[PDB]
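Heads up, the chain below is alone and in the form solved without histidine (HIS); it's given as structure tokens.
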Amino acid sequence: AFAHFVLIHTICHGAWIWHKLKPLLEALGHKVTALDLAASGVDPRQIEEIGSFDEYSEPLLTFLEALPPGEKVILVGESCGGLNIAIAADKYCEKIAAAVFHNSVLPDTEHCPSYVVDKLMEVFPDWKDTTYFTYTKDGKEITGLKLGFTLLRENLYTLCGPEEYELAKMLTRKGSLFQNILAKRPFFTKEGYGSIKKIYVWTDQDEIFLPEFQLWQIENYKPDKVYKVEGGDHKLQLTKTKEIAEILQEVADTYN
């Protein structure tokens, strides 16, 4: 079977992170959309214009609004992209065949939306040469960050080639987790986000989303299906591109 995959990058990143996986999925016959979220990739906004994870998610919500009735997609979110998935699913649950989490945060419906982010910061508190700044939007102080190049090299792109690490140095931009905004956001709903099928994909060799964190998430909110990829790094769409495409084909043949 063929599906329409919507690929959702993480904070400080853009559609470009999917530059290897998108053509591979298309060679299997799928339709693929790889979005730039707000103030990401070549989107023309700057992060200081964005006031929350929901506003950050606008291009995904606008895309889903534009799907004609009856068309469903499979969302694929990497790292922090899981939060964008939950926000989208509380607005467009009927257009989502399933959601795939790719070394990603897995929000739930019983705890506040910041819950798994707070836990991530406990498990991985030292972001190395990452820098931080503060800005104000809609009366709230938001912490912005710029991922540090050592952190990129050692922890996110550990086993990626130098030409891929180079793309990350060139193209990563200031962003935000909006942690304090999430912490005051209404909970993700059970009828919306809660109802979608969730597939959890991960590697135990991830040097930032460490096994203690990913196994904690799986126990906290049971996925419908779990796939463990052997080897690679946090950026499995670069280091295990073919394996990720194989998994996504199976998801396409399972959920519609």
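Throughout, we count residues from 1 along the sequence that is shown.
One more form of this protein, deposited with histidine (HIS) bound, exists but is not displayed; see below.
- At a distance of at most 4.5 angstroms from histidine (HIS) in the deposited bound form, none of the three residues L106, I199 and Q214 contributes a non-hydrogen atom.
- The shortest heavy atom separation between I208 and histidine (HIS) in the deposited bound form is within 4.5 Å.
- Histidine (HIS) in the deposited bound form is approached by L147, whose closest heavy atom lies within 4.5 angstroms of it.
- Proximity of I11 to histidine (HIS) in the deposited bound form falls within the 4.5 Å heavy atom cutoff.
- Contact annotation: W127 falls within 4.5 Å of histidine (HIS) in the deposited bound form, judged by heavy atom distances.
- For the candidate set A89, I74, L156, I142, a heavy atom within 4.5 Å of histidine (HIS) in the deposited bound form is found for exactly one residue, namely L156.
- Interface residue among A168, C80, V116, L182, judged by heavy atoms within 4.5 Å of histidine (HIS) in the deposited bound form: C80.
- Residues placing heavy atoms within 4.5 Å of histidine (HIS) in the deposited bound form fall in a single listed stretch, namely 227 to 235, out of 33 to 41, 227 to 235, 214 to 222, 59 to 67.
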